[PDB]
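A.B. asks: What follows is coords29.csv, CSV, C-alpha atoms and all ligand atoms.
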chain,number,residue,atom,x,y,z
I,1,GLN,CA,33.2,130.5,99.8
I,2,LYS,CA,31.5,127.4,98.3
I,3,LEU,CA,31.9,125.4,101.5
I,4,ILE,CA,30.7,128.3,103.7
I,5,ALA,CA,27.6,128.8,101.5
I,6,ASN,CA,26.9,125.0,101.6
I,7,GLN,CA,27.3,125.0,105.4
I,8,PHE,CA,25.1,128.1,105.7
I,9,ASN,CA,22.3,126.6,103.5
I,10,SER,CA,22.5,123.3,105.4
I,11,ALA,CA,22.4,125.0,108.8
I,12,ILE,CA,19.4,127.0,107.7
I,13,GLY,CA,17.6,123.9,106.5
I,14,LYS,CA,18.3,122.2,109.8
I,15,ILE,CA,16.8,125.3,111.5
I,16,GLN,CA,13.6,124.6,109.6
I,17,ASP,CA,13.7,120.9,110.5
I,18,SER,CA,14.5,121.6,114.1
I,19,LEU,CA,11.5,123.9,114.5
I,20,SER,CA,9.3,121.5,112.7
I,21,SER,CA,10.5,118.3,114.5
I,22,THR,CA,10.4,120.3,117.8
I,23,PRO,CA,7.0,122.2,118.3
I,24,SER,CA,8.2,122.9,121.9
I,25,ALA,CA,11.2,124.8,120.3
I,26,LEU,CA,8.8,127.7,120.9
I,27,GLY,CA,8.0,127.1,124.5
I,28,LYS,CA,9.3,130.5,125.5
I,29,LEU,CA,6.5,132.0,123.4
I,30,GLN,CA,3.8,129.4,124.1
I,31,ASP,CA,4.4,129.7,127.9
I,32,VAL,CA,3.7,133.4,127.6
I,33,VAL,CA,0.4,132.8,125.8
I,34,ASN,CA,-0.5,130.0,128.3
I,35,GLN,CA,0.3,132.3,131.3
I,36,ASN,CA,-2.0,135.0,129.9
I,37,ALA,CA,-4.8,132.5,129.1
I,38,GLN,CA,-4.4,130.9,132.6
I,39,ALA,CA,-4.6,134.4,134.2
I,40,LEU,CA,-7.7,135.2,132.2
I,41,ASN,CA,-9.2,131.8,132.9
I,42,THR,CA,-8.5,132.3,136.6
I,43,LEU,CA,-10.0,135.8,136.4
I,44,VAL,CA,-13.2,134.2,135.0
I,45,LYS,CA,-13.3,131.4,137.5
I,46,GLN,CA,-13.7,134.0,140.2
I,47,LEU,CA,-17.2,135.0,139.1
I,48,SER,CA,-18.2,131.4,139.9
L,1,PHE,CA,3.1,130.8,113.2
L,2,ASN,CA,1.9,127.3,112.8
L,3,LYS,CA,3.8,126.1,115.9
L,4,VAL,CA,2.1,128.5,118.3
L,5,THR,CA,-1.6,128.1,119.4
L,6,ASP,CA,-12.0,130.8,120.1
L,7,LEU,CA,-10.9,130.8,123.8
L,8,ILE,CA,-9.9,134.4,124.3
L,9,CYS,CA,-13.5,135.4,123.3
L,10,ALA,CA,-14.7,133.1,126.1
L,11,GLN,CA,-13.1,135.4,128.7
L,12,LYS,CA,-14.4,138.3,126.5
L,13,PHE,CA,-17.9,137.0,127.4
L,14,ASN,CA,-17.5,138.8,130.8
L,15,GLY,CA,-16.2,142.2,130.3
L,16,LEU,CA,-12.6,141.3,129.2
L,17,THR,CA,-11.7,143.2,126.0
L,18,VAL,CA,-8.6,142.0,124.1
L,19,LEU,CA,-7.2,144.9,122.1
L,20,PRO,CA,-5.4,144.0,118.9
L,21,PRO,CA,-1.7,144.8,118.5
L,22,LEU,CA,-0.9,148.0,116.8
L,23,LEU,CA,1.7,146.4,114.5
L,24,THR,CA,-0.3,143.7,112.7
L,25,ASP,CA,1.6,140.4,112.2
L,26,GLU,CA,1.9,141.1,108.4
L,27,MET,CA,3.4,144.5,109.1
L,28,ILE,CA,5.7,143.0,111.7
G,1,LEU,CA,-38.5,133.9,121.6
G,2,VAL,CA,-36.7,136.7,119.6
G,3,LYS,CA,-33.3,136.1,118.0
G,4,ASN,CA,-30.5,138.5,117.2
G,5,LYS,CA,-31.4,141.0,119.9
G,6,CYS,CA,-29.8,141.7,123.3
G,7,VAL,CA,-32.4,140.5,125.8
G,8,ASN,CA,-32.7,139.5,129.4
G,9,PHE,CA,-33.6,135.9,129.0
G,10,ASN,CA,-34.9,133.6,131.8
G,11,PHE,CA,-34.8,130.1,130.4
G,12,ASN,CA,-36.1,128.1,133.4
G,13,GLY,CA,-34.0,128.9,136.4
G,14,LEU,CA,-31.2,130.3,134.3
G,15,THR,CA,-31.3,134.0,133.9
G,16,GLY,CA,-28.9,136.3,132.1
G,17,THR,CA,-28.3,139.1,129.5
G,18,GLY,CA,-27.1,138.6,126.0
G,19,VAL,CA,-28.0,138.1,122.3
G,20,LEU,CA,-29.1,134.6,121.4
G,21,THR,CA,-28.9,133.0,118.0
G,22,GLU,CA,-29.7,129.7,116.4
G,23,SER,CA,-26.7,127.3,116.6
G,24,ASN,CA,-25.5,124.0,115.3
G,25,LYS,CA,-24.5,122.8,118.8
G,26,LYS,CA,-25.6,119.1,118.9
G,27,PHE,CA,-27.0,118.9,122.5
G,28,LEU,CA,-27.7,115.5,123.8
G,29,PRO,CA,-31.4,115.0,124.0
G,30,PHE,CA,-31.2,115.6,127.8
G,31,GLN,CA,-28.8,118.5,128.1
G,32,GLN,CA,-30.2,122.0,128.8
G,33,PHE,CA,-27.3,124.4,129.5
G,34,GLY,CA,-24.3,125.3,127.4
G,35,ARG,CA,-20.9,126.1,128.8
G,36,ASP,CA,-17.2,126.4,127.9
G,37,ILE,CA,-13.8,126.2,129.4
G,38,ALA,CA,-14.5,129.5,131.1
G,39,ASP,CA,-17.5,127.9,132.9
G,40,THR,CA,-19.8,130.6,131.5
G,41,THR,CA,-23.2,130.0,129.9
G,42,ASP,CA,-22.5,129.7,126.2
G,43,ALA,CA,-25.7,128.1,124.7
G,44,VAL,CA,-29.2,127.0,125.9
G,45,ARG,CA,-31.8,124.5,124.7
G,46,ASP,CA,-35.1,126.2,124.2
G,47,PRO,CA,-37.4,124.6,126.9
G,48,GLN,CA,-40.6,124.5,124.9
G,49,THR,CA,-39.2,123.7,121.4
G,50,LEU,CA,-36.1,121.7,121.3
G,51,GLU,CA,-33.9,124.2,119.5
G,52,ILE,CA,-30.3,125.2,120.2
G,53,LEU,CA,-29.4,128.8,120.9
G,54,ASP,CA,-25.9,130.1,121.6
G,55,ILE,CA,-25.7,133.1,123.9
G,56,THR,CA,-23.3,135.8,122.7
G,57,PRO,CA,-23.0,138.5,125.4
G,58,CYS,CA,-24.5,141.5,123.6
G,59,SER,CA,-21.9,143.9,122.3
G,60,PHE,CA,-19.8,145.9,124.7
G,61,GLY,CA,-16.4,147.5,124.5
G,62,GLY,CA,-14.3,150.6,125.3
G,63,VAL,CA,-15.1,153.9,123.6
G,64,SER,CA,-11.7,155.4,122.6
G,65,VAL,CA,-11.6,158.9,121.2
G,66,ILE,CA,-9.2,159.9,118.5
G,67,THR,CA,-8.4,163.6,118.8
G,68,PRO,CA,-5.5,165.9,117.8
G,69,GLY,CA,-4.4,168.5,120.3
G,70,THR,CA,-7.2,170.8,121.5
G,71,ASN,CA,-5.1,173.8,120.3
G,72,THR,CA,-5.0,172.1,116.8
G,73,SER,CA,-8.7,171.3,116.4
G,74,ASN,CA,-11.8,170.3,118.4
G,75,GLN,CA,-12.8,167.8,115.7
G,76,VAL,CA,-13.0,164.2,117.1
G,77,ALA,CA,-13.3,160.7,115.9
G,78,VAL,CA,-14.4,157.9,118.2
G,79,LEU,CA,-13.5,154.2,118.2
G,80,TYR,CA,-15.9,151.6,119.6
G,81,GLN,CA,-13.5,148.8,120.6
G,82,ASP,CA,-14.5,145.1,120.2
G,83,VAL,CA,-17.8,145.9,118.3
G,84,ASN,CA,-19.1,146.1,114.7
G,85,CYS,CA,-20.9,149.1,113.5
G,86,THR,CA,-24.3,149.1,115.2
G,87,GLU,CA,-25.7,152.4,116.5
G,88,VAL,CA,-23.3,155.2,115.4
I,101,LIG,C1,-44.6,123.2,123.0
I,101,LIG,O1,-45.3,124.4,123.1
I,101,LIG,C2,-44.7,125.4,122.2
I,101,LIG,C3,-45.5,126.7,122.3
I,101,LIG,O2,-46.9,126.4,122.0
I,101,LIG,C4,-44.7,124.9,120.8
I,101,LIG,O3,-44.0,125.9,120.0
I,101,LIG,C5,-44.0,123.6,120.7
I,101,LIG,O4,-44.1,123.1,119.3
I,101,LIG,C6,-44.7,122.6,121.6
I,101,LIG,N1,-44.1,121.3,121.6
I,101,LIG,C7,-42.9,121.0,122.1
I,101,LIG,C8,-41.7,120.8,121.2
I,101,LIG,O5,-42.8,120.9,123.3
Before we go any further, please render this structure as structure tokens.
C.D. replies:
Amino acid sequence: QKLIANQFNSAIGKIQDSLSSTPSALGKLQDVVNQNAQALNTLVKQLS
Amino acid sequence: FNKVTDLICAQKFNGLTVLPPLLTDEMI
Amino acid sequence: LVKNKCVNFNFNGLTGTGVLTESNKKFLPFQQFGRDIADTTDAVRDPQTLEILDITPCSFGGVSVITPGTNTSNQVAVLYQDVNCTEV
């Protein structure tokens, strides 16, 4: 139990570090926002 | 929330309303 | 010039509708227009006095209506989307 708890806490800490060290870790979300912005930007570049 | 990135208002300038989500991020 | 009112401005050749407000945009001493990533007119230098005015498109938005079933009541609330409280 002690070893599992230590491994669990360490793995959670690495999750924090992995998401911090890797901002792209959230590419699947950021791409979604980018696609929406691109579509909206394209939709505004049509009135020019 | 700090790893995901006014511009949406710039499209709002031309008839493009952006409705807010029903479940606010705090309630989510 | 009148600020904080939706007007049909015609600064030089540029025409357009919107509310115009004093801004802190530091135009270079030669620039006239204002623009953004959307390539839309954002601000404007006042031609006859060198002041900076950003152009917010004056408020629009959907008008949603909050209603229970007609058989329940005919009372109605309305929701002006994307706008503050202006005309009621
Ligand atoms: C130009 O004329 C306008 C209107 O009389 C005046 O407000 C302004 O001070 C004059 N000088 C400039 C800045 O061109």
A.B. asks: Taking only C-alpha atoms into account, report as a ChimeraX atom specification which residues of chain L lie within 7 Å of chain G.
C.D. replies: /L:10-11,13,17
A.B. asks: Can you tell me which residues come within 8 Å of ligand LIG 101 (chain I) when counting all atoms listed in the file, ideally as a ChimeraX atom specification?
C.D. replies: /G:47-50
A.B. asks: For chain I, report every residue with an atom at most 12 Å from chain G (counting all atoms listed in the file), formatted as a ChimeraX atom specification.
C.D. replies: /I:37-48
A.B. asks: Any idea what the distance is between atom CA of residue 24 of chain L and atom CA of residue 77 of chain G?
C.D. replies: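 Pair atom CA of residue 24 of chain L / atom CA of residue 77 of chain G returns 21.6 Å.
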A.B. asks: Dump as number ranges by chain the residues of chain L that approach chain I to within 9 Å, counting only C-alpha atoms.
C.D. replies: L: 3-5, 7-8, 10-11, 14, 16
